[PDB]
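[1] starting from these lines, generate the structure:
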Amino acid sequence: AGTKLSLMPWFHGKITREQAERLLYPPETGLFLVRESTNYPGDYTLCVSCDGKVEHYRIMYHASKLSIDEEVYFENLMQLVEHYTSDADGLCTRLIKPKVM
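    Numbers count the residues shown, from 1 in each chain. Below is the structure:
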(Lines give C-alpha, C1' and ligand atoms only; values in the text may rest on other atoms or scores of the structure.)
Protein backbone atom coordinates (compact mmCIF):
# COMPACT_ATOMS: atom_id res chain seq x y z
CA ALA A 1 0.00 0.00 0.00
CA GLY A 2 2.86 2.38 0.85
CA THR A 3 5.78 3.29 3.12
CA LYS A 4 5.71 3.81 6.90
CA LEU A 5 6.13 7.56 6.36
CA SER A 6 3.31 7.83 3.80
CA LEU A 7 0.76 6.45 6.28
CA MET A 8 1.75 8.78 9.15
CA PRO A 9 -1.12 11.11 10.21
CA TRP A 10 1.14 14.20 10.30
CA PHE A 11 2.70 13.58 6.86
CA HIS A 12 0.71 15.45 4.20
CA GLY A 13 3.04 14.85 1.24
CA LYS A 14 3.66 17.34 -1.56
CA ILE A 15 1.70 20.40 -0.37
CA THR A 16 2.75 24.06 -0.59
CA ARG A 17 3.64 26.44 2.27
CA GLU A 18 0.41 28.40 1.68
CA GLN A 19 -1.69 25.22 1.90
CA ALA A 20 0.10 24.28 5.14
CA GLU A 21 -0.88 27.66 6.64
CA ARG A 22 -4.52 27.02 5.69
CA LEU A 23 -4.58 23.60 7.39
CA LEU A 24 -2.94 24.80 10.63
CA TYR A 25 -5.74 27.28 11.36
CA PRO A 26 -6.96 28.42 13.85
CA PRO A 27 -3.57 28.53 15.67
CA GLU A 28 -3.35 25.69 18.20
CA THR A 29 -0.44 25.16 20.60
CA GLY A 30 1.12 21.89 19.41
CA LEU A 31 -0.74 21.52 16.10
CA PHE A 32 1.75 20.33 13.48
CA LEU A 33 2.21 18.78 10.02
CA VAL A 34 5.16 17.79 7.81
CA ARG A 35 5.14 18.93 4.17
CA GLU A 36 7.48 17.83 1.38
CA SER A 37 8.85 20.39 -1.09
CA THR A 38 8.52 19.46 -4.76
CA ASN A 39 12.22 20.21 -5.30
CA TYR A 40 13.95 17.52 -5.02
CA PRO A 41 12.53 14.86 -2.67
CA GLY A 42 12.52 14.69 0.20
CA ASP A 43 12.98 18.31 1.22
CA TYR A 44 10.77 18.31 4.33
CA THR A 45 9.45 21.28 6.32
CA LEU A 46 8.16 20.88 9.89
CA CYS A 47 5.14 23.19 10.07
CA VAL A 48 4.06 23.79 13.68
CA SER A 49 1.69 26.36 15.21
CA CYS A 50 3.20 28.35 18.08
CA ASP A 51 2.34 31.64 19.81
CA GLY A 52 -0.48 32.42 17.36
CA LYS A 53 1.44 31.72 14.13
CA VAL A 54 2.86 28.91 11.98
CA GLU A 55 6.64 28.47 12.21
CA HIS A 56 8.37 26.63 9.37
CA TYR A 57 11.34 24.43 10.31
CA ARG A 58 13.25 23.34 7.20
CA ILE A 59 14.89 19.90 7.32
CA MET A 60 18.58 19.81 6.32
CA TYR A 61 20.79 16.85 5.37
CA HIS A 62 24.33 16.37 6.69
CA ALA A 63 25.84 13.04 5.56
CA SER A 64 22.35 11.51 5.11
CA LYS A 65 21.32 12.65 8.62
CA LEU A 66 18.26 14.83 9.29
CA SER A 67 18.26 17.97 11.45
CA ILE A 68 16.47 21.32 11.94
CA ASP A 69 18.83 23.05 14.40
CA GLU A 70 22.32 21.67 13.58
CA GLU A 71 22.50 20.29 17.14
CA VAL A 72 20.25 17.21 17.27
CA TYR A 73 20.51 14.73 14.38
CA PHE A 74 18.32 11.82 13.27
CA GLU A 75 18.47 8.71 11.06
CA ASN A 76 15.07 9.47 9.49
CA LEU A 77 12.15 11.94 9.59
CA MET A 78 9.98 9.65 11.76
CA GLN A 79 12.70 9.74 14.44
CA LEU A 80 12.69 13.55 14.26
CA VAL A 81 8.92 13.78 14.86
CA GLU A 82 9.03 11.19 17.68
CA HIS A 83 11.73 13.20 19.50
CA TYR A 84 10.04 16.61 19.17
CA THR A 85 6.66 15.14 20.19
CA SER A 86 8.03 14.25 23.64
CA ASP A 87 10.21 17.33 24.32
CA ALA A 88 10.56 20.77 22.69
CA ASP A 89 14.40 20.66 22.66
CA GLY A 90 14.81 24.18 21.21
CA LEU A 91 11.56 24.21 19.21
CA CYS A 92 8.72 26.67 19.89
CA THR A 93 6.48 23.84 21.20
CA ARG A 94 6.28 20.05 21.55
CA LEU A 95 4.61 18.30 18.60
CA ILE A 96 1.42 17.62 20.58
CA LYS A 97 -1.40 17.25 18.03
CA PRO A 98 -0.86 16.13 14.41
CA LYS A 99 -3.02 17.66 11.67
CA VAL A 100 -5.04 14.66 10.44
CA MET A 101 -4.05 13.28 7.03
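[2] need the longest helix for this protein.
    helix 77-86 (DSSP state H).
[3] tell me which residues in that helix are buried?
    77, 78, 80, 81, 84, 85 (16 or more other CB atoms under 10 Å). Backbone N, C-alpha and C define where each C-beta goes, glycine included.
[4] which among those residues gets closest to residue 23?
    Comparing the buried residues of helix 77-86 against residue 23 with CB to CB places residue 81 closest, at 16.3 Å.
[5] which residue is nearest the centroid of the chain?
    When CA atoms, centre = their mean is applied to the chain, the residue found nearest the centroid is residue 46 (2.5 Å).
[6] and the strands in the protein?
    11-13, 31-37, 43-50, 53-58, 60-62, 65-67, 97-98 (DSSP state E).
[7] correct me, but residue 43 touches residue 59?
    Yes: in this structure, residue 43 is within contact of residue 59 by CB atoms under 8 Å, at 7.0 Å.
[8] looking at the two, which one has more neighbours?
    residue 59 (18 against 14; other CB atoms under 10 Å).
[9] tell me which of the strands of the chain sits most buried.
    strand 31-37 (a mean of 23; mean count of other CB atoms under 10 Å).
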